[PDB]
Amino acid sequence: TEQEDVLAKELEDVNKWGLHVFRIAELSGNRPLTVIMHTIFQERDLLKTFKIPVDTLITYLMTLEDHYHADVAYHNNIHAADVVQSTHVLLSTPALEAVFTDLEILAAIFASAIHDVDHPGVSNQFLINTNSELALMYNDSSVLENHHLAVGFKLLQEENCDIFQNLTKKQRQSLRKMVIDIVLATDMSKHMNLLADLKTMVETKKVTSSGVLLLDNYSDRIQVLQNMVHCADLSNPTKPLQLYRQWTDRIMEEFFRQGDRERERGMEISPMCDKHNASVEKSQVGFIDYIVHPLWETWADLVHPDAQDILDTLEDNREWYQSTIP
Amino acid sequence: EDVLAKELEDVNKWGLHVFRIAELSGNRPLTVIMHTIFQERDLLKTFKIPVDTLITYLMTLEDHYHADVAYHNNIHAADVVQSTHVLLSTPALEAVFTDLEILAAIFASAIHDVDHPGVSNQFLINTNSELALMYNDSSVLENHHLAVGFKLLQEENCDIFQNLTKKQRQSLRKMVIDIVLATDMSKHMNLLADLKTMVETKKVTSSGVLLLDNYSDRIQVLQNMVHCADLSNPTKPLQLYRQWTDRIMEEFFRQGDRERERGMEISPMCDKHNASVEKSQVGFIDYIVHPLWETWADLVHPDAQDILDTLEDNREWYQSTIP
Ligand SMILES: COc1cc2c(cc1OC)[C@H](Cc1c[nH]c3c(Cl)cccc13)N(C=O)CC2
Ligand SMILES: COc1cc2c(cc1OC)[C@H](Cc1c[nH]c3c(Cl)cccc13)N(C=O)CC2
Ligand SMILES: [Mg+2]
Ligand SMILES: [Mg+2]
Ligand SMILES: [Zn+2]
Ligand SMILES: [Zn+2]
């Protein structure tokens, strides 16, 4: 229980960007999603607010965590835990104080926890091009993200797993709609449109008497939560470098395994997936320049100046990867 | 037979005796009408479809329409197929659509309601059904019709697209998905709005033939075409229309009985103890069907005139049955 001692100390960092999430995964016996979600629910008093029985919460979290694949290098329970914790920090930004209801906060955190559950470690395009059962089920449209939702919600029906048992019917209906809207927005094929829309919101931003964002209709509220969880999902390059490099190692392993399957099938290999013609560093610089920095610069503008340190880390990490190329 | 062959000679006419064909074919209207249309359009030779594969697939697809559902069954599928087939021949749409596009619209029509349980998307969502859980409350039925229609191609000797090339299959699949998802009635208003916009910006030859240069406009027309076909019952000869009304009302009343037995709020038009069938048809025509078909008729002006005339006659008749 020295191990439990150290785990408890590490979970004291749950409100901090840069949590030692890989250490928590080891110290908790490969239960980072369970222990980080439980910590955040206690920190936000969500069990009391929503009358969630503790044993039900733990049972659901352990079953949800079990349905992430332990043999996928990137899209596994550690990624889920990281996106949950990152969403939890973004929800606490001063520019959003008292903006979201407890139900919206619960939706964003739950959506983050389930948002990649049962991910097979290959992309939507691979699933479509190989005529997979998932792509047949979902008509080639947000194939993975529709699946993550269906699994995350189906698991609430397992024994002693219904963590929403004491919500009203209107609360359950609202939560389900918001969770669906959020997880579907994590489909990377939606990124350009989602960013375009966020830029429009920044350009037309309204702030209250108190200085917080004014969001007075469902469309604006859900758009901010969609972009919040998308930013959390695309947060690896904004983390301290020792965390970022481990995430890069993991995504490259997953990509290379996909590319090996493409090469064996005689398919064209997807970008970044060819281990015999990879440039890992150039790929991260491009990822930051074309995707991650445009997104995070816009989020930082929305909540200015709250996210300045995050943006500074992203820019430093870009400079570091760039410097390894020449 | 023989009478069935005589009935099928009207395959190119609005008002085919589809119920008679259902009876004469041993409850195989979808198979015999699809087979007839693939011949009339030379689609088996154009796409190198083996006739036995075609028949095997059609019989399997038709088997996955429910025979105990009064409206959304194989006779409705056959009717929508044949209606699309006629609309594809609107003179104003001449030279617009490729043969792959024609194949996609016809195939989409055939599968567009397969495995329909006879209850609405809202019912499926509110009863927390397995389908709504699978599809995240979004176009629940239409996603399932697609998934079943395509999965059945994988049954033994059922792949009617086996000799399409790789790109053709991918393009057909995309178009079919885009068309069937557009048949979700919750999308009607947006679809009609886009049809109106196309009518306003419409470009035609000197003889009034539609010019549609981009895929977006062409798939919108195919979406509205199959939606018109899906909503064509009130434009058919009255003896046909009244049978479709009887069937949809039975299906609605059965859904309302389930909603009552479960203690749910009964859906509009679904309460057999508080129904006005005729007023509901007049409202359906006034608010949904006639705006849609008037816009279609403007897009193809004036080739839809006879269809629109029948719709207007039928509206007048149903109104006269209200005291
Ligand atoms: C640490 O490094 C990485 C992490 C991740 C990715 C790529 C990384 O490094 C190049 C890709 C991003 C992505 C793929 N397609 C996209 C489209 Cl189409 C739009 C936006 C983002 C993406 N991911 C999953 O595949 C998410 C995690
Ligand atoms: C013969 O008479 C009928 C036939 C049909 C319907 C209604 C009829 O008579 C009132 C409804 C129409 C419909 C239901 N919700 C809609 C929405 Cl939300 C928008 C547009 C149309 C609809 N259908 C399916 O349920 C299609 C067939
Ligand atoms: Mg994902
Ligand atoms: Mg339908
Ligand atoms: Zn993710
Ligand atoms: Zn239909």
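Computation of the quantities below employed the complete heavy-atom set of this structure, encompassing side-chain atoms and omitting hydrogens, waters and symmetry-equivalent molecules. Chain naming here is simple, since letters A, B, ... match the order of the sequence lines and numbering starts at 1 in each.
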*asked:* Does any backbone or side-chain atom of B:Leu146 lie under 4.5 Å from a heavy atom of chain A? Answer side chain, backbone, both or neither.
replied: both
For [X], look at atom [atom1] and say whether over 12 heavy atoms of other residues, nucleotides or ligands are found less than 6.0 Å away.
{"X": "B:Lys174", "atom1": "NZ", "answer": "no"}
{"X": "B:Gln154", "atom1": "CD", "answer": "yes"}
{"X": "B:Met134", "atom1": "CE", "answer": "no"}
{"X": "A:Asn217", "atom1": "CG", "answer": "yes"}

*Thinking salt bridges, do B:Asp137 and A:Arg176 make one under a 4.0 Å N-O criterion?*
yes
*Does any non-hydrogen side-chain atom of A:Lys154 lie less than 4.5 Å from one of B:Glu130?*
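Answer yes - side chains close enough.
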*B:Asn136 versus A:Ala150, closest heavy-atom pair with distance*: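 In terms of heavy atoms, the two residues are closest at OD1-N, 3.9 Å.
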*Whether A:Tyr138 side chain and B:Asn143 backbone form a donor-acceptor pair below 3.5 Å*: no
*Got a second to check how far B:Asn126's CG is from A:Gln173's CD, nearest 0.5 Å?*
7.5 Å
